[PDB]
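Q: First, the structure itself, so that you have it in front of you.
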Amino acid sequence: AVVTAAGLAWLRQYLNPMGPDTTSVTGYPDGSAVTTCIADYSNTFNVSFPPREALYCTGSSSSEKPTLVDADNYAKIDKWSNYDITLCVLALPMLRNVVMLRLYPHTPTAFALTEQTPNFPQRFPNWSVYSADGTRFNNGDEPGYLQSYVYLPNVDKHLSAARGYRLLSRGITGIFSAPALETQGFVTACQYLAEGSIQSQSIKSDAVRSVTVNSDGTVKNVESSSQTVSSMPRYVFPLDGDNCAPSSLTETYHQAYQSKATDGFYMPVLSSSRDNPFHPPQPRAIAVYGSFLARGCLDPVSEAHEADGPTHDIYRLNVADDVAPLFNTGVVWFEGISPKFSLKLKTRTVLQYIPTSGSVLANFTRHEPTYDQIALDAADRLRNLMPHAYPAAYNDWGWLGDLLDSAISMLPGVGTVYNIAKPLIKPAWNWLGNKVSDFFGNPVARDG
Amino acid sequence: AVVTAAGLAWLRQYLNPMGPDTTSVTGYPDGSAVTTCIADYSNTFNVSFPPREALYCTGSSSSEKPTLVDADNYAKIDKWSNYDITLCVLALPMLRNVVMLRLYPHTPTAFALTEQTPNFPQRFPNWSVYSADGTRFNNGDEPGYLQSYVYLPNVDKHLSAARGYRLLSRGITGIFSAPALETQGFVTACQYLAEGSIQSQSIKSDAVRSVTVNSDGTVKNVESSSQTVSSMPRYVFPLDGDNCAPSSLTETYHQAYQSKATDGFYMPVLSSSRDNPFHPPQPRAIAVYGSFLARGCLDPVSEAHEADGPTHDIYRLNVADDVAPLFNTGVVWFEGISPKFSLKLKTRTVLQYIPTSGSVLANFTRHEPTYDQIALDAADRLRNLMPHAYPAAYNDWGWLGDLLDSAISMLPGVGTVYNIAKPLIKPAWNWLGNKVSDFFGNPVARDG
Amino acid sequence: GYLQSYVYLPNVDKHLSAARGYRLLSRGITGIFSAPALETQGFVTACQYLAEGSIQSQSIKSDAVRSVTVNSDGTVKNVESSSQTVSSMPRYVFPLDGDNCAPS
């Protein structure tokens with residue numbers, strides 16, 4: 001009838017993963033009655049304009065031979081560094097490979113993805129180049145953008161030795177800095193559910209064509225093996241790359257966060273469901289849904305045109321991982337950024353494990369099978385009205401917890417004891433104009 | 001002014017490491033304000049009379065060539081198995097190598113140690129033979145006893161990746177079993193502080209003696225390099241091997257535990273100090289102090305006899321480890337044991353770490369900088385009146401905690417709120433005669 | 001690779017020479033930072049921790065003499081192995097974790 005302490009702690013760490021008060025770590029309040037070990041991974045990365053030494057090509061040049069550095073095509077990327085640039089970060093719900101960084105000479109119209117599988121995608125300190133025409137980059141082409149994955153190795157090590165897992169919370173902080181008189185730029189951030197699933201794309205086989213012209217050998221096996229079959233199963237994400245441009249995200253989602261570049265960002269990615277069950281680690285190749293070209297059976301056609309129906313393009317990422325289901329995909333854009341910028345990415349990922357017998361995690365187990373329906377219902381309440389992101393320095397929200405959680409905890413059903421906690425009003429998160437008001441109307445003076 | 005919950009939990013896990021209620025794991029109550037990860041290692045070993053396949057020689061035979069099995073000198077050890085035997089376990093404060101097991105044909109007069117460094121000391125499943133004359137054993141000698149070390153590998157792995165460590169508690173349980181009509185034997189256990197330190201023994205160099213007889217070569221360098229220098233530094237333990245016989249331990253220490261063999265033992269080893277600071281992992285070669293032979297400058301002598309003064313023998317164990325300082329050394333003896341016995345050794349070692357950045361421990365940290373002076377003062381109170389060991393089945397002591405800890409918590413200073421908790425009387429731990437009374441006079445009926 | 005220097009107090013040496021005993025009462029270090037305008041970027045981190053040093057001597061090795069006397073009457077052949085392990089000069093050693101002294 002009242003929210004417990006463990007439920008409140010879980011709610012605070014779920015909504016504010018990188019808050020200063022979040023020191024203790026608590027599990028999901030479902031009373032699973034299983035031996036669990038909760039792991040907290042805090043990582044920091046300093047991303048700036050990469051040098052030539054950490055830049056590789058994804059084209060067919062690096063097909064069999066391993067990663068190849070740029071053959072001093074770095075002059076074009078220096079030309080990029082002449083003017084302002086754009087920096088996209090894309091946080092898919094993958095456990096390792098927490099975010100994908102991408103660098104553009106200028107803001108693109110869409111989050112494009114190469115149709116051919118890239119060769120040797122690079123972890124964060126190294127980058128991989130992609131051409132301007134939306135294809136993989138070989139030496140001598142025109143570079144279009146740079147891409148890298150921010151990888152957590154300890155997550156991989158611990159996921160190997162676990163019966164099951166579930167993501168408890170994840171937050172990404174974007175401390176931005178630039179030289180004086182070069183602080184111009186804008187930051188946008190948005191979360192939305194891209195519910196991926198295990199799917200296989202439709203591919204075609206090859207028909208054999210043998211013409212035996214021998215006097216006794218005249219088989220002439222002209223059989224048509226060119227039928228339509230299913231490819232290897234992959235975990236495909238329905239992220240709308242064509243609608244991932246910053247302006248579309250701002251005008252589509254009301255909780256999207258916009259501010260000046262110097263404010264940075266702080267995205268506490270949120271789950272889209274109220275139940276968070278354990279899952280066995282099942283890494284798979286990740287892919288992203290594209291769009292279809294041939295209408296196929298979308299119009300009255302014949303049998304032969306059934307096969308080439310609305311088959312959506314699947315973009316292989318050449319990255320294997322197991323994803324946290326029902327968790328939002330985040331995307332932030334830094335537009336018009338000075339090329340000599342500096343972004344301190346600080347990611348906190350807290351997730352629960354069921355240890356395997358004889359594994360390392362078995363030495364850190366913790367028996368807290370606490371249960372709290374009120375906390376879960378409050379999270380389901382709050383999911384639809386929290387902002388998608390906050391300024392990087394906006395931690396330790398006063399309204400959270402003793403007011404916001406308390407105010408939202410008595411709507412669920414009528415399971416309420418205290419008559420009235422506090423009236424709740426619609427906040428206005430206008431960081432660009434310095435007219436920010438919280439959920440209770442109290443103003444937010446700038447703390448940074 | 002009152003003991004907190006965390007302090008009580010730490011006290012209970014420190015005094016009763018293997019109690020059934022000790023499920024949660026808690027750190028030292030000093031408020032260190034450091035990121036810590038507490039690791040609990042529970043290990044079980046089934047020790048019986050070893051077969052010939054797991055028996056190696058420590059003599060000069062296995063000097064360069066690795067461990068050598070016994071060349072069917074196992075007939076003498078079978079002759080040992082004809083009659084009753086003795087089994088000593090020695091728990092030094094070493095973190096890994098939790099205990100040292102030793103098997104004797106009959107009870108020795110002292111805990112002897114070989115003067116020459118043994119070759120390839122063996123972890124528990126294997127044993128190493130030592131001769132009857134207190135020397136290392138080669139094939140064809142007379143076996144005197146068997147020795148092995150019980151090794152914890154996970155402790156080594158976690159100690160590698162740590163800035164600092166401290167031992168929180170350690171308990172050793174000795175579940176004893178034997179065939180029916182072969183349950184005869186006695187068990188003795190005793191703890192005492194053997195405060196080791198980094199010391200180097202006094203050794204001698206070799207003087208060069210060159211006689212050049214050539215017509216032009218007549219140097220004759222007769223210089224005396226045979227001076228007294230210091231050897232390699234080693235962590236030396238002042239354990240009194242000559243006074244480690246069971247009878248001497250029983251008649252020396254009042255809290256020493258004695259019972260029938262079938263009762264087993266349960267030794268919660270205790271610290272000898274009230275402060276338990278963090279220490280960096282600094283593994284070193286372990287050695288044990290012996291006794292001196294030449295009196296040297298203990299009598300009026302000349303300069304030349306200064307060197308051969310009271311130089312105590314140092315027995316190298318050929319084992320490297322880092323020890324937990326200020327923790328008691330435990331020793332248990334099973335005398336007159338049937339050779340076809342079976343001992344289930346169950347060791348629980350809980351210790352705190354400061355994780356190194358990027359290490360495995362960093363994924364299991366837990367921020368509980370709790371402070372409790374009352375708990376530490378109560379431990380300092382209780383150290384001198386708890387029994388050194390209990391019967392193997394004597395867990396979940398009723399008197400502990402809500403009575404014993406409460407009764408002892410109001411002596412420290414006068415920082416007392418409750419007027420009187422419970423009067424405290426002198427217990428009588430007579431397990432041999434079944435006349436056991438606890439700290440409050442309540443009798444202890446046999447639960448096993 | 002890098003530059004290193006020690007900040008030395010001579011009066012402390014002079015006064016420590018003429019003293020039976022000493023003890024440190026307190027010590028503070030202030031770091032007033034300045035830079036040209038539009039060049040103020042950077043971060044500062046500070047941490048204290050106990051590195052309890054002690055007088056220790058490292059383990060070193062001696063050199064074994066190898067003399068081959070080939071003379072008709074001189075055939076000593078002192079091949080004695082002086083290459084044993086001994087202790088070096090005692091030094092005050094600090095257990096500061098250099099590998100874990102990175103700012104992060």
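Every chain in the structure tokens has a letter given in the order shown (A, B, ...), and although residue numbers restart at 1 in each chain, ligands are simply numbered from 1 in the order shown.
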Given a cut-off of 8 Å, which residues of chain A touch chain C, counting only C-alpha atoms, written out as a ChimeraX atom specification?

A: /A:178-181

Q: Which neighbours of stretch 43-54 of chain C fall inside 6 Å, counting only C-alpha atoms, when residues of the same chain fewer than 4 positions from it are skipped, and could you give them as an NGL selection string?

A: :C and (92-96)

Q: Can you spit out the residues from that selection as a compact mmCIF listing (two decimals), in the first residue's frame, using C-alpha atoms?

A:
```txt
# COMPACT_ATOMS: atom_id res chain seq x y z
CA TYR C 92 62.71 4.20 2.34
CA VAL C 93 60.24 2.70 -0.14
CA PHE C 94 56.79 4.18 -0.82
CA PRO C 95 53.99 1.83 -1.97
CA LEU C 96 52.42 4.41 -4.26
```

Q: Just the number, please: distance in Å from atom CA of residue A:397 to atom CA of residue A:174, one decimal.

A: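 Result for atom CA of residue A:397 versus atom CA of residue A:174: 17.6 Å, one decimal.
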
Q: Show me, as a list in words, the residues that have an atom within 9 Å of stretch 140-145 of chain B when counting only C-alpha atoms, minus same-chain residues fewer than 2 positions from it.

A: residues 70, 71, 73, 76, 77, 102, 103, 104, 105, 128, 129, 130, 131, 132, 133, 134, 135, 137, 138 and 147 of chain B

Q: Can you check which parts of chain A lie within 7 Å of chain B? Per residue, the shortest pair of atoms and distance in Å to one decimal, counting only C-alpha atoms, sorted by chain and number, as a tab-separated table.

A:
```
residue	atom	partner	partner_atom	distance
A:23	CA	B:367	CA	5.7
A:24	CA	B:367	CA	5.5
A:38	CA	B:364	CA	6.9
A:39	CA	B:363	CA	4.8
A:40	CA	B:363	CA	5.2
A:41	CA	B:363	CA	5.7
A:154	CA	B:360	CA	6.8
A:363	CA	B:40	CA	5.6
A:364	CA	B:39	CA	6.0
A:366	CA	B:24	CA	6.7
A:367	CA	B:24	CA	7.0
```

Q: Can you check which residues of chain C DSSP gives as strand (DSSP E) on the backbone and send them as a list in words?

A: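 These are the residues in question: residues 54, 55, 56, 59, 60, 61, 85, 86, 87, 91, 92 and 93 of chain C.
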
Q: Show me, as a PyMOL selection string, the residues that have an atom within 6 Å of residue A:55 when counting only C-alpha atoms, minus same-chain residues fewer than 3 positions from it.

A: chain A and resi 52+69+126-128

Q: So which residues touch stretch 284-293 of chain A within 6 Å, counting only C-alpha atoms, skipping near sequence neighbours fewer than 5 positions away, as a list in words?

A: residues 234, 235, 236, 237, 238, 310, 311, 312, 313, 314, 315, 316, 317, 319, 320 and 321 of chain A

Q: Using only C-alpha atoms, which residue out of B:204, B:279, B:136, B:170 lies closest to residue C:82?

A: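 Closest candidate: B:204.
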
Q: So how many Å separate atom CA of residue B:182 and atom CA of residue B:337, to one decimal?

A: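 So the answer is 8.3 Å.
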
Q: For stretch 385-391 of chain B, please output as a list in words all residues within 6 Å (counting only C-alpha atoms; exclusion window: fewer than 5 positions along the same chain).

A: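 Final neighbour list, sorted by chain and number: residues 190, 191, 255, 256, 257, 263, 264, 265, 266 and 267 of chain B.
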
Q: Store the residues of this selection in a file with N, CA and C atoms, as a tab-separated table (two decimals), in the first residue's frame.

A:
```tsv
chain	number	residue	atom	x	y	z
B	190	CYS	N	43.47	-24.52	18.43
B	190	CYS	CA	43.96	-23.36	19.16
B	190	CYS	C	44.33	-22.25	18.20
B	191	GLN	N	44.01	-21.02	18.58
B	191	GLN	CA	44.41	-19.83	17.85
B	191	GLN	C	45.41	-19.04	18.68
B	255	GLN	N	41.25	-20.92	26.12
B	255	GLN	CA	40.18	-20.98	25.15
B	255	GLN	C	40.38	-22.07	24.10
B	256	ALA	N	41.44	-22.86	24.22
B	256	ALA	CA	41.66	-23.95	23.29
B	256	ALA	C	40.51	-24.94	23.35
B	257	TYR	N	40.16	-25.50	22.20
B	257	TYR	CA	39.00	-26.38	22.07
B	257	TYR	C	39.46	-27.83	22.01
B	263	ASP	N	33.32	-34.97	16.54
B	263	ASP	CA	32.72	-33.65	16.65
B	263	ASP	C	33.24	-32.68	15.60
B	264	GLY	N	34.37	-32.99	14.98
B	264	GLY	CA	34.94	-32.06	14.02
B	264	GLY	C	35.41	-30.80	14.73
B	265	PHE	N	35.51	-29.73	13.95
B	265	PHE	CA	35.87	-28.44	14.51
B	265	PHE	C	35.31	-27.33	13.64
B	266	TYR	N	35.26	-26.13	14.21
B	266	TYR	CA	34.81	-24.95	13.48
B	266	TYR	C	35.56	-23.77	14.09
B	267	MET	N	36.60	-23.31	13.40
B	267	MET	CA	37.47	-22.27	13.90
B	267	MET	C	37.17	-20.97	13.18
```

Q: Give me, as a Markdown table, the closest atom pair and its distance (Å, one decimal) for every residue of stretch 131-191 of chain B within a cut-off of 12 Å of stretch 268-278 of chain B, counting only C-alpha atoms, rows sorted by chain and rising number.

A:
```
| residue | atom | partner | partner_atom | distance |
| --- | --- | --- | --- | --- |
| B:162 | CA | B:278 | CA | 10.9 |
| B:163 | CA | B:278 | CA | 9.1 |
| B:164 | CA | B:278 | CA | 5.6 |
| B:165 | CA | B:278 | CA | 5.2 |
| B:166 | CA | B:278 | CA | 5.2 |
| B:167 | CA | B:276 | CA | 8.0 |
| B:168 | CA | B:276 | CA | 8.3 |
| B:169 | CA | B:269 | CA | 7.3 |
| B:170 | CA | B:269 | CA | 5.7 |
| B:171 | CA | B:268 | CA | 4.2 |
| B:172 | CA | B:268 | CA | 6.5 |
| B:173 | CA | B:268 | CA | 8.5 |
| B:174 | CA | B:268 | CA | 11.6 |
| B:189 | CA | B:269 | CA | 10.9 |
| B:190 | CA | B:269 | CA | 9.5 |
| B:191 | CA | B:269 | CA | 7.0 |
```
